[PDB]
Amino acid sequence: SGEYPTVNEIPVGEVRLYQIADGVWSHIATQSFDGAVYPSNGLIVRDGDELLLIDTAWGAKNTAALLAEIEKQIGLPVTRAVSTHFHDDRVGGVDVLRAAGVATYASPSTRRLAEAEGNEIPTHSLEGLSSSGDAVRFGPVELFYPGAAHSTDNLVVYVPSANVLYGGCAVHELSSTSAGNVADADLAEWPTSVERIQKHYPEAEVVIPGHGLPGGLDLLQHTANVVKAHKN
Ligand SMILES: C[C@@H](c1cccc2c(-c3ccc(CS(C)(=O)=O)c(Cl)c3)c(C(=O)O)[nH]c12)n1cc(CCCN)nn1
Ligand SMILES: [Zn+2]
Ligand SMILES: [Zn+2]
């Protein structure tokens, strides 16, 4: 009823949207992984009379439910999607999107890693993002490669019209006590990558983590703090 939805409030298979700003929503879904249930976020950005989707809803059935929720709540077609790294919470559901007429995109690095991992593979490569600090425009957002953090390929997304910073899994929520799933992470480089985000987007008003509650710029420093403590 208006608060940001939490893991115990979303059954696996259902998707909720949350209005972040004019023409900006997050999407929240839940999924089981290795015997535990986790929430995950993505983003929806209005692109005229179309929508840009950032990240799947972590699975084929969740992503079908995401498209149905968008049709119910927004009623504009999703025409393009960007996956911000290669894990299943970002690309799982790309096949559903592709069969629904959505053009799917990711960096070449993400596409290679997804293919090697056995995950679904976005169709189109996003060039111009291979060096840390790189940025490119994509419809109503800017895509930014901060360097290795949660994964080597992780991208962040900025919505300039609303000063919304979607950090993806490179950014953790304020309640986080550990660096999450670090199997593919670079803990030594992650603080430097967060510092690049902080320097590039100093006017961000909302920061959305890959999992958990949005907040302000403090999520960036908190993330650096938890990652440094974990690495130790
Ligand atoms: C598919 C993905 C994946 C699966 C399950 C959980 C997570 C989390 C996460 C996120 C937050 C917390 C709480 S917190 C910050 O710790 O307090 C935790 Cl516990 C965990 C993250 C994230 O952090 O983005 N991602 C998750 N996934 C798979 C793989 C390797 C697969 C190899 N076969 N790597 N990630
Ligand atoms: Zn991940
Ligand atoms: Zn994640």
Side-chain angles (χ1 to χ4, degrees), residues 4-10 12-13 15 26-43 53-63 66 81-96 106-107 109-122 143 145-157 165-191 193-194 197 207-215 218-232:
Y4 201 82
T6 67
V7 74
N8 305 292
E9 292 171 8
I10 301 170
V12 178
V15 174
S26 66
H27 61 85
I28 312 90
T30 54
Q31 188 54 268
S32 180
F33 179 90
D34 280 26
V37 173
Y38 300 91
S40 77
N41 295 321
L43 203 72
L53 180 62
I54 309 299
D55 291 328
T56 67
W58 198 353
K61 286 181 89 166
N62 282 354
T63 299
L66 169 63
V82 172
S83 294
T84 61
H85 70 274
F86 75 100
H87 289 156
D88 188 59
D89 57 317
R90 310 295 134 194
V91 299
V94 152
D95 287 351
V96 162
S107 76
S109 176
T110 294
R111 290 177 82 264
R112 286 191 302 270
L113 292 165
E115 181 184 356
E117 196 83 350
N119 291 347
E120 295 160 52
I121 303 150
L143 305 178
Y145 175 52
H150 163 85
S151 64
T152 56
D153 60 322
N154 49 30
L155 301 180
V156 308
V157 180
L165 177 60
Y166 175 83
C169 303
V171 176
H172 283 297
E173 71 176 319
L174 287 177
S175 66
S176 70
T177 66
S178 100
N181 199 328
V182 294
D184 290 319
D186 186 338
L187 297 174
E189 202 53 50
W190 197 334
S193 298
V194 165
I197 300 165
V207 177
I208 301 164
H211 311 257
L213 309 183
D218 270 21
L219 272 71
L220 300 183
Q221 191 56 51
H222 178 68
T223 301
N225 289 345
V226 301
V227 166
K228 282 175 244 183
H230 189 305
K231 190 232 290 206
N232 304 331

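For the single chain, residues carry numbers from 1 onward in sequence order. Remember, it's 1-based here, ligands and their atoms both numbered in the order they're listed.
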Test item: side-chain donor near acceptor, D55 and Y166, under 3.5 Å: yes

Just by distance, do the side chain of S26 and the backbone of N41 share a donor-acceptor pair under 3.5 Å? no

Please find the pair of heavy atoms, one from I28 and one from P5, that lie closest to each other, and give the distance. CD1-CG, 3.7 Å

Using modelled atom types and a 3.5 Å cut-off, is there a donor and acceptor pairing between side-chain atoms of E120 and backbone atoms of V94? yes

Can any side-chain N or O of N154 pair as donor or acceptor with the backbone N or O of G168 at less than 3.5 Å? no

Just to confirm my output: which protein heavy-atom neighbour is closest to atom 35 (N) of ligand 1, and how far is it? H87 ND1, 3.1 Å

Specify the closest pair of heavy atoms between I10 and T30, including all atoms of both residues, with the distance to one decimal. O-OG1, 2.9 Å

Can you tell me the N, O or S atom of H150 that's nearest the Zn ion (ligand 2)? NE2

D89, any N or O under 3.5 Å of ligand 1 N or O: no

Residue, atom and distance of the protein heavy atom nearest atom 13 (C) of ligand 1 read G180 CA, 4.6 Å

Can you name the N, O or S atom of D89 that is closest to the Zn ion (ligand 3)? OD2

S178 N/O to ligand 1 N/O under 3.5 Å: yes

Using a strict 4.0 Å cut-off to heavy atoms of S176, name the atoms of ligand 1 that fall inside it. 15 (C), 17 (O)

Residues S40 and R90: closest non-hydrogen pair is CB-NH2, 3.9 Å

Tell me, please, if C169 has any N/O/S atom, main chain or side chain, under 2.8 Å from the Zn ion (ligand 2)? no

Metal-centred angle, the Zn ion (ligand 2) as apex - ND1 of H87, NE2 of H85, 10° resolution: 100°

Which atom name would you report as the N, O or S atom of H211 nearest the Zn ion (ligand 3)? NE2

Do the side chains of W58 and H211 get nearer than 4.5 Å, heavy atoms only? yes

Please check atom 21 (C) of ligand 1 for a protein heavy-atom neighbour under 4.0 Å. yes

Is the closest N or O pair between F33 and ligand 1 shorter than 3.5 Å? no

Would the distance check show the side chain of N62 and the main-chain N or O of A57 forming a donor-acceptor pair, the cut-off being under 3.5 Å? yes

Just to confirm my output: which protein heavy-atom neighbour is closest to atom 19 (Cl) of ligand 1, and how far is it? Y38 CE2, 4.0 Å

For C169, counting its heavy atoms only, list the atoms of ligand 1 lying under 4.0 Å from any of them. 24 (O)

May I ask which of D88, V226, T177, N181 has a heavy atom nearer to atom 23 (O) of ligand 1 than the others do? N181

Taking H172 for the side chain and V227 for the main chain, is one N or O donor matched with an acceptor at less than 3.5 Å? no

Report yes or no: does a heavy atom of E117 sit under 4.0 Å from some atom of ligand 1? yes

